[PDB]
Amino acid sequence: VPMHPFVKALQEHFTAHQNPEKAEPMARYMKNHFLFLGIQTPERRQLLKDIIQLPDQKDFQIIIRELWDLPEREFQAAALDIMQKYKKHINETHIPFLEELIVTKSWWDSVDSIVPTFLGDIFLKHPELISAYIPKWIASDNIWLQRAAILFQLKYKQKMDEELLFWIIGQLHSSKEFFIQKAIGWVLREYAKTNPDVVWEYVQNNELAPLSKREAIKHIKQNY
DNA sequence: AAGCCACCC
DNA sequence: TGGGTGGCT
């Protein structure tokens, strides 16, 4: 049971609008790792908007963690919507907090929402901190921290640290894990929108799982 | 906005 | 494999 009145209110309001018919397919979509109330994103954001109609910033970590601790997945999704509203107050001191979120109730929906936006932004401002985290994440054998190392630069475009990206990928290219092979393909394909020659040269000269290579070049292969 | 693509199998 | 699909940059 949540301490914070905001979370108590969100819990009651979400629960009052649950849809058991939708909960089953939503749960199986996520391989039944989580219970669902059965509330999709548009309705979930409207219900959150209801309750906000914003807690002090000193409460934001308390609120997020309380939501993270609740069983139904919509509360973690709502927690990430809430964290967006505190964007300007999130900085390098929050990396360990974000790490905890990544490795707790982990799946692609939370991790892909946390990493290219919040960690991406932090490391753009503090690139001198990357070596304190990225190698650690790679060495952790936690696939979500590994996916975090791969994807924190996903949205960088011209800001991409190419040599860092390629080093991270080389460290993880031998992973058997689908979510790692796919993340490698994804980030290379995305970066190829900005710097296609360099992604082509990388893929032609460095070992990748076939899934990763195929995904990387599927929109530039017709140019070479 | 919506063009793109995570996920699913 | 690539269509179905819901949501993000």
Side-chain angles (χ1 to χ4, degrees), chain A residues 14 17-49 67 72-88 90 98 101-102 105-125 142-160 165 168-169 172 175-196 199 203 208-223:
Chain A
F14 279 22
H17 287 86
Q18 67 185 127
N19 189 340
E21 276 173 344
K22 293 184 178 186
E24 304 169 357
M26 287 178 76
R28 67 183 48 107
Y29 187 52
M30 309 285 287
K31 308 297 272 280
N32 291 115
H33 287 298
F34 314 106
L35 295 180
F36 275 78
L37 290 176
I39 309 178
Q40 303 186 273
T41 293
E43 182 179 17
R44 194 194 68 242
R45 297 222 166 111
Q46 179 60 55
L47 295 170
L48 170 60
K49 183 182 181 184
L67 288 167
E72 292 86 3
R73 190 52 163 182
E74 288 94 341
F75 295 114
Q76 286 93 69
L80 296 182
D81 291 343
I82 290 170
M83 208 165 64
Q84 297 285 1
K85 298 171 182 299
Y86 294 94
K87 202 89 182 67
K88 298 177 181 181
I90 297 168
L98 298 175
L101 296 185
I102 286 164
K105 301 197 169 179
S106 311
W107 207 234
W108 56 263
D109 58 324
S110 56
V111 174
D112 292 351
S113 290
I114 294 168
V115 165
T117 50
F118 297 97
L119 284 172
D121 281 355
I122 291 165
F123 285 131
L124 278 175
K125 184 171 179 183
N142 178 290
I143 60 170
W144 301 106
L145 290 174
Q146 292 175 337
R147 185 152 159 136
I150 296 165
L151 295 181
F152 80 95
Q153 305 191 90
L154 180 66
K155 301 167 56 177
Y156 280 11
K157 301 181 179 182
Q158 74 282 350
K159 301 173 182 175
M160 180 72 72
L165 179 70
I168 293 167
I169 287 174
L172 294 168
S175 178
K176 74 190 190 287
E177 297 284 338
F178 170 78
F179 287 131
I180 298 309
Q181 296 185 4
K182 181 58 178 295
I184 290 168
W186 185 11
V187 75
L188 287 173
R189 193 195 324 109
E190 188 68 14
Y191 186 44
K193 297 174 176 179
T194 298
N195 208 350
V199 170
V203 170
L208 291 175
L211 171 63
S212 304
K213 172 165 179 176
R214 188 193 72 236
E215 291 291 346
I217 65 178
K218 66 197 242 186
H219 294 154
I220 66 174
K221 58 188 173 62
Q222 74 289 350
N223 294 327

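So you know, we letter chains A, B, ... as the sequences are listed, proteins then strands, and number each from 1. As a basis for the values below, the full set of heavy atoms in this structure was taken, side chains included, without hydrogen atoms, waters or symmetry mates.
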**Prompt:** Rounding to a whole Å, what distance do you find between A:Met30:CE and C:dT5:P?
**Reply:** 18 Å
**Complete:** Sorted by chain and number, sequence neighbours left out, side chain to side chain donor-acceptor pair (under 3.5 Å) with A:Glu190 holds for A:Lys193
**Message:** With a 4.0 Å limit, can you tell me whether A:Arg45 has a side-chain N or O closer than that to the phosphate oxygens OP1/OP2 of C:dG6?
**Reply:** no
Taking only N/O atoms, report every protein-nucleotides 1-4 of chain B pair under 3.5 Å with atom names and distance.
{"residue": "B:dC4", "atom": "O3'", "partner": "A:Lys193", "partner atom": "NZ", "Å": "3.4"}

**Prompt:** Does any N or O donor sit under 3.5 Å from an N or O acceptor when you compare the side chain of A:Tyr29 with the base of B:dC7?
**Reply:** yes
**Prompt:** Over how many whole Å does the gap from A:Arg73 atom CZ to C:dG6 atom P extend?
**Reply:** 18 Å
**Request:** Write down the distance between CD (A:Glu74) and P (C:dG7), rounded to a whole number of angstrom.
**Result:** 11 Å
**Request:** Please report, rounded to the nearest Å, how far the P atom of C:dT9 is from the CG atom of A:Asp121.
**Result:** 10 Å
**Fill in**
Residues at least two apart in sequence or cross-chain that pass ring pair (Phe, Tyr, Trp, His ring centres under 6.0 Å) with A:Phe34, listed by chain then number, are none
**Asked** What pucker does B:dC8 have, north or south, from the sign of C1'-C2'-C3'-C4'?
**Response** north
**Request:** Take atom CG of A:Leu154 and atom P of B:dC7, then tell me their distance rounded to the nearest Å.
**Result:** 11 Å
**Pairing residues for A:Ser175 by the side chain to side chain donor-acceptor pair (under 3.5 Å) criterion, not counting sequence neighbours** = none
**Request:** For A:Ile143 and B:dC7, give me the distance from atom CD1 to atom P, rounded to whole Å.
**Result:** 11 Å
**Request:** Quickly work out the A:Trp108 CH2 to B:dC9 P distance and round it to whole Å.
**Result:** 11 Å
**Item:** Under-4.0 Å side-chain N/O to phosphate OP1/OP2 contact, A:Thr41 with C:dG7
**Value:** yes
**Prompt:** Ring centroid separation for A:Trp107 and A:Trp144, is it under 6.0 angstrom?
**Reply:** yes
**Request:** Please tell me which of the listed nucleotides, B:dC7, B:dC9, C:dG7, lies nearest to the side chain of A:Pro42?
**Result:** C:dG7
**Message:** Output the rounded distance in Å from CG (A:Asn32) to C1' (B:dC9).
**Reply:** 14 Å
**Prompt:** Can you name the residues that form a salt bridge (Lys or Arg N to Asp or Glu O under 4.0 Å) with A:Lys87, not counting sequence neighbours?
**Reply:** A:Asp121
**Message:** Once side chain to side chain donor-acceptor pair (under 3.5 Å) is applied, what residue pairs with a partner in residues 148-157 of chain A remain, sequence neighbours excluded?
**Reply:** none
**Asked** What does A:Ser113 touch in the nucleic acid at a heavy-atom separation under 4.0 angstrom: a base, only the sugar-phosphate, or nothing?
**Response** nothing
**Complete:** Side-chain atoms of A:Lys182 come closest, of C:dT9, B:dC7, C:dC8, to B:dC7
**Message:** Determine whether a donor-acceptor pair (N or O, by modelled atom type, separation under 3.5 Å) exists between the side chain of A:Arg147 and the backbone of A:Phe179.
**Reply:** yes
**Complete:** Winner on side-chain proximity to A:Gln40, out of C:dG6, C:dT9, B:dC8, is C:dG6
